[PDB]
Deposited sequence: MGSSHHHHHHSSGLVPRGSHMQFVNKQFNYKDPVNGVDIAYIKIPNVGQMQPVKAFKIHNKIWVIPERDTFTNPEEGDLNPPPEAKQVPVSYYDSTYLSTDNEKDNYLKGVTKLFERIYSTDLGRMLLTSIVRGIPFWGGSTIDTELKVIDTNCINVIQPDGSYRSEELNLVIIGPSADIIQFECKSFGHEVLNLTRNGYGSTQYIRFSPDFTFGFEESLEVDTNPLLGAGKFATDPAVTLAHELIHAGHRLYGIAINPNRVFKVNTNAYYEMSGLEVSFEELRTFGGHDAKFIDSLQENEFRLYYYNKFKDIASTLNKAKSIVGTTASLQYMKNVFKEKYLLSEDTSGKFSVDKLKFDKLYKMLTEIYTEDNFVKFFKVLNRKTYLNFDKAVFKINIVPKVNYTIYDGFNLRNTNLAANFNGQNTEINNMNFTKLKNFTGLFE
């Protein structure tokens, strides 16, 4: 009746059919701090169904202080809302995982463990603490858990979706190869409007919007994000690259070679940090070393000495930067979507994707064997008016 399992017996990426009221259990349902209740949907990925008053101390309140923006301090405050959020997000990951491209993308993310580059001693491997959360256990104690990704509700401006992470005092973790745990502010309960001529009035599929955010996550997890000071007169190269298509092509090919070579070298610094490593604080040295051999697709010799293969680097680098794009998701989903990142949004809408009469894992809104199946009729905010309520612009 949500339709979380259209084929087979169980869900294929998300590990449980959770309800928000399920008892805390210390393993995959727990109280955590970065004191909130959270759900572990997969190895290395948690969902926290709460407005984000947490990650930024100048954003501990949902008060309006306003370009494209939308506020409502009441959103995501009841338990039924929280249960809907969590099943909505759950359903999206299963939608993303039903495609070849999304199975590739989500695997890369789970294997993308932030580098253990914490030590001040250049021969000791150590974790970085902002790449963990604290999980209250079955007895009542904490333990620190390493994770790659957190999906969390939006702060004051409900439609400011973004992917962010905590910084280091010396290191630039999103741009040195290392990586860092990524926080996605997102909601499945809202989407955006754009115009299209088959003038037509359509809404973006929220699977494609989550996928955009997850693509920024992969860049930042393998530490290969573009400096945000590189822009067009504003859109950064980092956005142009994530959208892909013809928009990406205006990053000149000589600039690309220069970017790729800079990061070949950073992956080279990482290989030799692994090699010049003698101790580990906090599993063996050689076991954690092999976690990172596996992440960065490193070669090992008879000495047990790691290096960067050039084919293997180009392969991973190309997958993360060129293949994993918004544009390519649109192709796999067979949905309607904006043709360039340069598009101005018009309206915001309230939606409910949880019931299978409203949205499915295979078709999104554009439900097969009905009138919704043709001409992107399900994303038409007049024909399928039932499924979209207008709120701003």
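- No C-alpha positions are given for the deposited-sequence stretches 1-10, 45-51, 83-87, 221-229, 265-276, 326-327, 439-444.
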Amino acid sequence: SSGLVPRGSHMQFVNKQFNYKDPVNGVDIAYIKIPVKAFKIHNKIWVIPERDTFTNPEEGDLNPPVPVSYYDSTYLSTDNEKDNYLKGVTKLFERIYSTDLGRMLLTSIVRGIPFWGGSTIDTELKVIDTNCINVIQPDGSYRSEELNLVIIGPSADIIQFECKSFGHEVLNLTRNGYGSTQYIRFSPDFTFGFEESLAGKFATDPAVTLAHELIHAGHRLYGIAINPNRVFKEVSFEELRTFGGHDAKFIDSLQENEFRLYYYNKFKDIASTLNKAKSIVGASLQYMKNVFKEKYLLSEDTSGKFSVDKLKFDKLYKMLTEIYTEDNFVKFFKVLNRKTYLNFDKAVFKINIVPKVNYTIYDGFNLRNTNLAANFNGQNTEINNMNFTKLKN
From here on, numbers count along this sequence of modelled residues.
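- Checked against the other entries of this protein, residue 232 counts as unresolved in at least one third of those spanning it.
- Across the two stretches, 364-372 and 329-337, the PDB entry reports the greater mean Cα temperature factor for 364-372.
- As recorded in the PDB entry, 246-254 is the stretch of 314-322 and 246-254 with the greater mean C-alpha temperature factor.
- Ranking 88, 153, 118, 206 by the C-alpha B-factor listed in the PDB entry places 118 at the top.
- Per the deposited record, 307 carries the highest C-alpha B-factor of all listed residues (182, 307, 174, 187).
- Looking at the C-alpha B-factors along this chain, the one for residue 93 belongs to the lowest third.
- The PDB entry assigns residue 241 a C-alpha temperature factor belonging to the lowest third of its chain's modelled residues.
- For residue 289, the recorded CA temperature factor ranks within the highest third of the chain's modelled residues.
- Looking at the C-alpha B-factors along this chain, the one for residue 232 belongs to the highest third.
- Among the modelled residues of the chain, residue 213 sits in the lowest third by CA temperature factor in this PDB entry.
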